Amino acid sequence: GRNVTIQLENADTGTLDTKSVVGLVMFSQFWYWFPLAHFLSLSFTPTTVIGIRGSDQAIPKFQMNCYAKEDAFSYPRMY
Amino acid sequence: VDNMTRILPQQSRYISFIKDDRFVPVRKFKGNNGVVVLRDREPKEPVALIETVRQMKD
Amino acid sequence: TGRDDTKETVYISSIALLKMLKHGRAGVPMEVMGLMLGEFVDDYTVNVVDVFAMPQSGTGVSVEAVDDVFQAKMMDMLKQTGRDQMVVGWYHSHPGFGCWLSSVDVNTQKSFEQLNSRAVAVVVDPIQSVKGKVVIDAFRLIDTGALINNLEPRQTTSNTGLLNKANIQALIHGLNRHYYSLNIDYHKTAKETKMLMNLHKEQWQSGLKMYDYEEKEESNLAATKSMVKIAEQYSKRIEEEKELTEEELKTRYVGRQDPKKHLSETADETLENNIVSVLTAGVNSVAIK
């Protein structure tokens, strides 16, 4: 639904995501066997900040400041 | 920008929760997409929540 | 319900190809035939081990010309040597015609399906074996039933999709409404490869064998003379040829059949050779005495 990106690597340490490597080597071989296409899923990662209230373990509603040009990253059209 | 909404990696840099608000991170912002545990100043006054959906379906 | 039904890649042994070319070449232009003996493994790997030929009939390829007395008796000579393996199809050579399966050939193939329904029909075209090309193609019947209910996609599942689509019109129509055409790959052991590859005893000796010296004289003289004549063209060319409009420059000053380049190629080929020439004479003299 337009919420996922393919990461090269864990973004925290700067060091490879185990799952992401397996996805892409498996994806690249599909000429030989077509069903293995699906392995691109392990490479798919959701990208989103989810703030978690440490006093309930639930998702608080609140608003955060992003200094950016707001219109410049507008959500995609519907084709 | 609302909480629990699509944030591309590029807008993630600029993300900065209001200091004056109740929600202030317990450490310096992680700055990268992911669960960031926040300290709520006041449990007395209402905190509107989004209850996780898995528990309803389960 | 059943198998993947991807048409087999026909993996043709080094021997079976060598005999097939030889067999057709002898018979040309009269049609030639024989049976393919092989063994069937995997889903789509048919290893064509070896072939033998049946005596030329005055009926050409015919069910009539598949002569069971000959066939049987042959199985038996090969049996004693232990080289017998199941019949996995049949090949024949049309030189007269491109590679496709005639109506007569479709009946012939239908009998083979009873043995093995993955049997192949291989068309060898030995007239065009005189090029560097080997023109060979392999086929396997399709049932009419498959095409009527439009169930044909089953047979073309999970594949790279590279299909030879050379030869159309009547031929292609027939192919589409009767057989399926799929690739041929050649697998050979490195043992086989090496034996073939090896040449003469005198091959590794030849560098002290040398050209007759009257011919080296002749060649030295020819090259000096030839370049002179193309050098005239080149001098004329760079008198002018510094204007504009590319193609016009090439017609005005004869920049087509370009002199600079043709000269550079001849000059160097002769230069390299003359290094080899001296190299052999000096070595011969000194090594031996």
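Among the hydrophobic types (A, V, I, L, M, F, W, C) and assigned to a helix (DSSP H, G or I): does that describe A:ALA68?
Numbers: among the hydrophobic types (A, V, I, L, M, F, W, C): yes; assigned to a helix (DSSP H, G or I): no.
Answer is no for this residue.
The residues of region B:27-58 that are more than 10 Å from chain A (Cβ to nearest Cβ) and of a type in the set (A, V, I, L, M, F, W, C), listed by number, are B:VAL53, B:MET56. Restricting region B:1-20 to residues that are assigned to a loop (DSSP other than H, G, I, E, B) and within 17 Å of A:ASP71 (Cβ to Cβ), the residue that is nearest to the chain's Cα centre (by Cα) is B:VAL1.
Give the number of residues within region C:173-185 that are surrounded by 14 or more Cβ atoms within 10 Å (Cβ to Cβ) and either outside the structural domain of C:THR108 (by CATH) or outside any helix (DSSP H, G or I) (or both).
Initially, region C:173-185 is screened for residues surrounded by 14 or more Cβ atoms within 10 Å (Cβ to Cβ), giving C:174-176, C:178-184.
Subset that is either outside the structural domain of C:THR108 (by CATH) or outside any helix (DSSP H, G or I) (or both): C:178-184.
Of the residues in region C:173-185, 7 are surrounded by 14 or more Cβ atoms within 10 Å (Cβ to Cβ) and either outside the structural domain of C:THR108 (by CATH) or outside any helix (DSSP H, G or I) (or both).
Residues checked against (1) farther than 29 Å from C:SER14 by Cα; (2) not assigned by CATH to the domain that holds C:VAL120:
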position: C:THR144; (1), (2): yes, no
position: C:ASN150; (1), (2): yes, no
position: C:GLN155; (1), (2): no, no
position: C:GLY161; (1), (2): no, no
position: C:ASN167; (1), (2): no, no
position: C:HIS200; (1), (2): no, yes
position: C:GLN205; (1), (2): yes, yes
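Kindly check whether there is at least one residue in region A:44-57 that is without any contact (Cβ under 8 Å) to a residue 24 or more places away in the chain, aliphatic (A, V, I, L, M) and either farther than 30 Å from B:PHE17 by Cα or more than 9 Å from every other protein chain (Cβ to nearest Cβ) (or both).
So the first thing to find is which residues in region A:44-57 are without any contact (Cβ under 8 Å) to a residue 24 or more places away in the chain, and the list is A:49-57.
With aliphatic (A, V, I, L, M) added as a condition, the list becomes A:49-50, A:52.
Now narrow it down to the ones that are either farther than 30 Å from B:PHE17 by Cα or more than 9 Å from every other protein chain (Cβ to nearest Cβ) (or both): none.
So far as region A:44-57 goes, no, none of its residues is without any contact (Cβ under 8 Å) to a residue 24 or more places away in the chain, aliphatic (A, V, I, L, M) and either farther than 30 Å from B:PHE17 by Cα or more than 9 Å from every other protein chain (Cβ to nearest Cβ) (or both).
For region C:110-124, give me each residue that is surrounded by fewer than 20 Cβ atoms within 10 Å (Cβ to Cβ) and within 26 Å of the chain's Cα centre (by Cα). Don't jump to the end; show me each part of the working.
Going residue by residue through region C:110-124, those that are surrounded by fewer than 20 Cβ atoms within 10 Å (Cβ to Cβ) are C:110-111, C:113-118.
Scanning region C:110-124 gives a single hit, C:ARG118.
Listed by first and then second residue, the pairs linking a residue in region B:1-26 that is at the interface with another protein chain (Cβ under 7 Å from one of its Cβ atoms) to a residue that is part of a helix (DSSP H, G or I) and surrounded by 15 or more Cβ atoms within 10 Å (Cβ to Cβ), with Cβ atoms under 9 Å apart and 6 or more places separating them unless they lie on different chains, are B:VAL1/B:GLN11.
Within the bounds of region A:11-18, is there any residue that is polar (S, T, N, Q), without any contact (Cβ under 8 Å) to a residue 24 or more places away in the chain, more than 30 Å from C:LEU162 (Cβ to Cβ) and more than 13 Å from every other protein chain (Cβ to nearest Cβ)? Walk me through how you get there before you give the answer.
Kept after step one, since they are polar (S, T, N, Q), are these residues of region A:11-18: A:13, A:15, A:18.
This time we only want the ones that are without any contact (Cβ under 8 Å) to a residue 24 or more places away in the chain, so: A:13, A:15, A:18.
Narrowing further to those that are more than 30 Å from C:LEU162 (Cβ to Cβ): A:13, A:15, A:18.
Still in the running and more than 13 Å from every other protein chain (Cβ to nearest Cβ): A:15, A:18.
For region A:11-18, residues polar (S, T, N, Q), without any contact (Cβ under 8 Å) to a residue 24 or more places away in the chain, more than 30 Å from C:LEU162 (Cβ to Cβ) and more than 13 Å from every other protein chain (Cβ to nearest Cβ): present.
For region A:25-43, a residue qualifies if it is away from every other protein chain (no Cβ under 14 Å) and either surrounded by 15 or more Cβ atoms within 10 Å (Cβ to Cβ) or in contact (Cβ under 8 Å) with a residue 60 or more places away in the chain (or both), and the qualifying residues are A:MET26, A:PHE27, A:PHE39, A:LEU40, A:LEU42, A:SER43.
Basis: the model, the stated rules and, where named, an outside source; these are not laboratory values. Cβ coordinates were reconstructed from backbone atoms using ideal geometry, including for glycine residues, and neighbour counts include every protein chain displayed.
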